[PDB]
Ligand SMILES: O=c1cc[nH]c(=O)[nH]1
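Starting off, we have a lone chain in the form solved without this ligand, written out as structure tokens.
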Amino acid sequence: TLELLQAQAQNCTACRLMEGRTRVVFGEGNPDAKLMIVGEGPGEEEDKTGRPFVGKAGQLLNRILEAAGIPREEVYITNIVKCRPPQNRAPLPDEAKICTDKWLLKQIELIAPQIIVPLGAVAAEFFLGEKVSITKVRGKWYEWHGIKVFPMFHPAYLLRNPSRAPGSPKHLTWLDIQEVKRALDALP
């Protein structure tokens, strides 16, 4: 089951990211979610609580979600890597391959989401199968193993570029989440 996998993951030591971690942030939400959200990796508060997206950026994600009528508990959230990399740096392709082969793939298999929303360049590069620019793939529909992928700016990116101006990352994000909502409501 997904909960045996979650349980096991707590003792994972497959990549060097295990050295600095406090808690492993495997993931949470609806086990049979139609929508799965995947980010880069955990941060300070995530490392401390073992829960994904609970810090400053995670609180944004919550807001962005409810602003589209999407209840957080009905979706499943995770990241490419489960352990907090030193000083919040992005995960190396090294640890990204290992963690993803050990957990992400099975999580996706067990949950069988119909839409995958990758947050940030790292996550997007995983589902697109190639190096990419988040600003270019953001807001467009893709496909990965039969499932619909829809890349979006990571909430942390919005904190770093807080502009409320038209066409700004925050404005575009708002439009994108609505697009995810329309897509969700049109699923068989």
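Position 1 is the first residue in the sequence shown; the rest follow in order.
Unshown form solved in complex with this ligand; subsequent notes refer to it.
Contact annotation: of the candidates 132, 64, 149, 33, the single residue with a non-hydrogen atom within 4.5 angstroms of this ligand in the deposited complex is 64. Contact check for residue 137: no non-hydrogen atom falls within 4.5 Å of this ligand in the deposited complex. In the deposited complex, this ligand sits within 4.5 Å of a heavy atom of residue 158.
At a distance threshold of 4.5 angstroms between non-hydrogen atoms, residue 60 is in contact with this ligand in the deposited complex. Annotation for 150 to 179: interface residues with this ligand in the deposited complex are 154, 158, 170, 173, 174 [heavy atom within 4.5 Å].
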